[PDB]
2 protein chains.
Amino acid sequence: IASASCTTXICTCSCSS
Amino acid sequence: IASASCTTXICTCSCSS
């Protein structure tokens, strides 16, 4: 439901460091 | 055809930094 870099269907994932 | 964080169909996108 939230995070960065880390799912399959909604929208986050990853994206920096 | 390659990168990180940045396309729609093949497989990269983003994910670290």
# chains A, B, ... in the order shown; residues from 1 in each chain; ligands from 1
>>> interface_residues(of="chain B", to="chain A", cutoff="9 Å", atoms="only C-alpha atoms", output="list in words")
residues 4, 5, 13, 14, 15, 16 and 17 of chain B
